[PDB]
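Trainee: Counting the sequence shown from 1 gives a position; the entry's author numbering is that position plus 477. Okay, here's the structure, questions in a sec.
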Amino acid sequence: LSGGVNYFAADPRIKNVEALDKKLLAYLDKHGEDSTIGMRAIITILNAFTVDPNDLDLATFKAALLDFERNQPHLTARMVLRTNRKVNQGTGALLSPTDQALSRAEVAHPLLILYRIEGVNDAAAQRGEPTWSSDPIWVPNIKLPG
């Protein structure tokens, strides 16, 4: 993982879908879709995900965040939560044109963008096309500063 590059999980899995979804949606209401958030809270959210290291290396990213904690204790992560997203699994891309520009413009804060995708699996699975591991799903996109 190099700085200044977006990485998103192509095929994420959630340990407990309802618990994470309830958690993220409660956060979205309480704190907004675009906020800053402490490192430990980011980590906790990331731990709710299971992703193959070759797809998205969450361990390394988390390690990088902890390094930021020790080196820059005041540094916070930026978190963007989008809902009602409609992206099919396996298309090779996640972010909207707006979030592309957003992430390119963010060069100070470690950035986590979460996309909530719902009501997409049935149509795709009915026509034998790739599906997300759950409905609804949250898809993570990370970007380190630099």
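Every residue, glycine too, gets a C-beta built ideally from N, C-alpha and C.
I'd like to check one pair, residue 478 with residue 534: are the Cβ atoms closer than 8 Å?
Mentor: What you label residue 534 is simply residue 57 of the sequence shown in a count that begins at 1. What you label residue 478 is simply residue 1 of the sequence shown in a count that begins at 1. In contact: residue 534 and residue 478 (Cβ atoms closer than 8 Å).
Trainee: Do the CB positions of residue 487 and residue 567 come within less than 8 Å of each other?
Mentor: Taking the first residue of the sequence shown as 1, we reach residue 487 at position 10. Taking the first residue of the sequence shown as 1, we reach residue 567 at position 90. In this structure, residue 567 lies closer than 8 Å to residue 487 by Cβ.
Trainee: Based on DSSP bridge pairs, tell me the residues matched to residue 593.
Mentor: For the purposes of this step, residue 593 is taken as residue 116 along the sequence shown, with counting starting at 1. Note: residue 593 sits in a beta bridge opposite 615.
Trainee: Please report how far the alpha carbon of residue 483 lies from the alpha carbon of residue 583, in whole angstroms.
Mentor: Here the question's residue 483 lines up with position 6 in the sequence shown. Here the question's residue 583 lines up with position 106 in the sequence shown. Each residue's Cα considered, the two are about 11 Å apart.
Trainee: In this structure, how does DSSP classify residue 537 when only helix, strand and coil are distinguished?
Mentor: On the sequence shown, residue 537 is found 60 positions in, with the first residue counted as 1. Helix, per DSSP.
Trainee: So, residue 587 versus residue 536, is the Cβ gap smaller than 8 Å?
Mentor: Position 110 of the sequence shown, counted from the first residue, corresponds to residue 587. Position 59 of the sequence shown, counted from the first residue, corresponds to residue 536. Going by C-beta atoms, residue 587 is not nearer than 8 Å to residue 536.
Trainee: For residue 572, name the three-state secondary structure that DSSP assigns.
Mentor: Position 95 of the sequence shown, counting from 1, holds the residue named residue 572. Residue 572: coil per DSSP, three-state reduction.
Trainee: Between the Cα of residue 615 and the Cα atoms of 480, 577, 591 and 499, which residue gives the shortest distance?
Mentor: Counting from one through the sequence shown, the residue named residue 615 turns up at place 138. Of 480, 577, 591 and 499, the residue nearest in Cα terms is 591.
Trainee: Given a cut-off of 8 Å, decide if residue 490 and residue 521 are closer than it, judged by their beta-carbon atoms.
Mentor: Position 44 of the sequence shown, counted from the start, is the residue given in the question as residue 521. Position 13 of the sequence shown, counted from the start, is the residue given in the question as residue 490. Cβ atoms of residue 521 and residue 490: not closer than 8 Å.
Trainee: For the 8 Å Cβ check, are there 3 or more pairs between the stretch 508-518 and the stretch 607-614?
Mentor: Not touching, per the Cβ criterion.
Trainee: Which residue comes first and which comes last in the beta strand (DSSP E) that contains residue 557?
Mentor: For this step, residue 557 is matched to residue 80 along the sequence shown. From DSSP, the beta strand (DSSP E) with residue 557 extends over 554-562.
Trainee: Let me know the secondary structure DSSP gives residue 478 once reduced to three states.
Mentor: Position 1 of the sequence shown, counted from the start, is the residue given in the question as residue 478. Residue 478 falls in the coil class under three-state DSSP.
Trainee: Within the present structure, is the beta-carbon of residue 500 separated from the nearest heavy atom of the ligand NAD by less than 7 Å?
Mentor: Inclusion of the ligand NAD in the displayed structure is not the case, the ligand content being empty and no account of it being possible.
Trainee: For residue 538, I'd like the list of residues in its chain whose CB is within less than 6 Å of its CB, leaving aside the five on either flank, ordered along the chain.
Mentor: Counting from 1 along the sequence shown, the entry for residue 538 is found at position 61. So the list reads 619, once near-sequence residues are dropped.
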